[PDB]
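Take a look at this one chain, the form deposited in one PDB entry, written out in structure tokens.
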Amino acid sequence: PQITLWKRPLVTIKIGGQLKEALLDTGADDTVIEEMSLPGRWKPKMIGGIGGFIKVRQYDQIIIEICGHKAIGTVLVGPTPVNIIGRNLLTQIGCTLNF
């Protein structure tokens, strides 16, 4: 679909069989999710945002449904104020910015 930005671009995602809400963020290189249990081993990572750096756990090859679209890639888990879907998964779903 086509999404305008008068409201926050929130959508529904299915991850680990759970339904959660997430923000489509073109300014984010990566995808960051709130604390939860994902399968597999993780690797450490540190990412920067508006107010400083946070430490997260990186999981590779996680399956996620975004507005019914399937994406499979890297998900970072950490202390984020909202679930963020960033560029790494937006390109998989074919998301573009138009004006």
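In this text, residue numbers run from 1 along the sequence as written. Think of the rigid core as the biggest set of C-alphas that the two forms share within 1.5 Å after superposition.
One more form of this protein, deposited in another entry, exists but is not displayed; see below.
Colleague: Is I54 one of the residues whose Cα moves 2 Å or more between the shown form and the other one, with the core superposed?
Modeller: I54 C-alpha, core-superposed: shift of 2 Å or more.
Colleague: Can you tell whether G51 sits closer to or farther from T74 in the other form than it does here, judged by CA atoms, where the change is 3 Å or more?
Modeller: It is closer: in the other form, the C-alpha atoms of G51 and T74 lie at least 3 Å nearer than they do here.
Colleague: Flagged pair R57/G52: C-alpha distance shifts by 3 angstroms or more in the other form. Which direction, closer or farther?
Modeller: Nearer in the other form, by 3 Å or more.
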